[PDB]
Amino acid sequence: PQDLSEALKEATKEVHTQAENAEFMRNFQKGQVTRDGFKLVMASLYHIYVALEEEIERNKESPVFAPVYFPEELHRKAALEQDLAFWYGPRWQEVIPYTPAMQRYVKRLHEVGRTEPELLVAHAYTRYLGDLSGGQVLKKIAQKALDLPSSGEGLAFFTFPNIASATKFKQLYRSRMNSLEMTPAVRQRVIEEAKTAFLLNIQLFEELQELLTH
């Protein structure tokens, strides 16, 4: 369509369903998520956001990204650090896994941020708008299945404290995305990069599912 935000949503409808159908995600949705499985998901998110946010900081003043730069409202690294200290303990940095599928995702994020910055918006869209939009449903399931202790920690990732209304922010973020100026060639590569982002998540899900079935 005309608006990039609408173009992205329509172009990734197929791959989003592919993600919903992923065996690992099917189990999650059926409420069949285990503590070991959830831990792997949180570790994955930590590596992904560390890379994404490092690249966002590198390109925050570039015209290809500045319009969608919302550090305070969206940053997730600190929240994940808090969560991993709960899930993996005080020495989480020394024990969290960093698997090949996690590395493939991180590698692409760095390649984009360092050599193809104009495509970073595709990854910011896929991750941020995705976790913002589906965070409520994804969290509700986890907490009711994890039966975790009332220790007030472990799920900070699912709350964006600097966004008072997800509805208002998503409209603003979409408006900013649509304000970005890019050639038709770039626009097509951004759309493709968004699909690539979903595929990287899907391959990660497949790897995690394999690691858990031994």
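For every residue, the number given is its place in the sequence shown, counted from 1. By rigid core we mean the largest C-alpha set that fits within 1.5 Å across both forms.
**Student:** Rigid core superposition, C-alpha RMS per stretch in 6 other deposited structures of this protein: which comes out larger, 140 to 148 or 117 to 125?
**Tutor:** It is 140 to 148 whose C-alphas lie farther from the shown form in 6 other deposited structures of this protein.
**Student:** On a core superposition, give the stretch, 22 to 30 or 47 to 55, with the larger average C-alpha separation from this form in 6 other deposited structures of this protein (RMS over structures and residues).
**Tutor:** Once the cores are fitted, 22 to 30 deviates more in 6 other deposited structures of this protein.
**Student:** So 149 to 157 or 44 to 52, which one's hotter by mean CA B-factor in the entry?
**Tutor:** Per the PDB entry, the higher value belongs to 149 to 157.
**Student:** Which has higher Cα B-factors on average according to the PDB entry: 28 to 36 or 65 to 73?
**Tutor:** It is 28 to 36.
**Student:** Say you rank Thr99, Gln136, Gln93, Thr126 by Cα B-factor from the PDB entry; which sits at the top?
**Tutor:** Answer, based on the entry's C-alpha B-factors: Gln136.
**Student:** Within this chain, which third does the Cα B-factor at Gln82 fall in: lowest, middle or highest?
**Tutor:** As the PDB entry reports it, the C-alpha B-factor of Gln82 lands in the lowest third of its chain.
**Student:** Ranking the modelled residues of this chain by C-alpha B-factor as given in the entry, is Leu109 in the lowest, middle or highest third?
**Tutor:** For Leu109, whose C-alpha B-factor we compare with every modelled residue in the chain, the answer is the lowest third.
**Student:** Can you tell me whether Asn59 has a C-alpha B-factor in the lowest, middle or highest third compared with the other modelled residues of the same chain?
**Tutor:** For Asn59, the deposited C-alpha B-factor lands in the middle third.
**Student:** If you rank every modelled residue in this chain by C-alpha B factor, which third holds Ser179: lowest, middle or highest?
**Tutor:** Highest third of the chain for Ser179's C-alpha B-factor.
**Student:** Report the third (lowest, middle or highest) to which the CA temperature factor of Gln143 belongs, ranking only the modelled residues of the same chain.
**Tutor:** For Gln143, the deposited C-alpha B-factor lands in the highest third.
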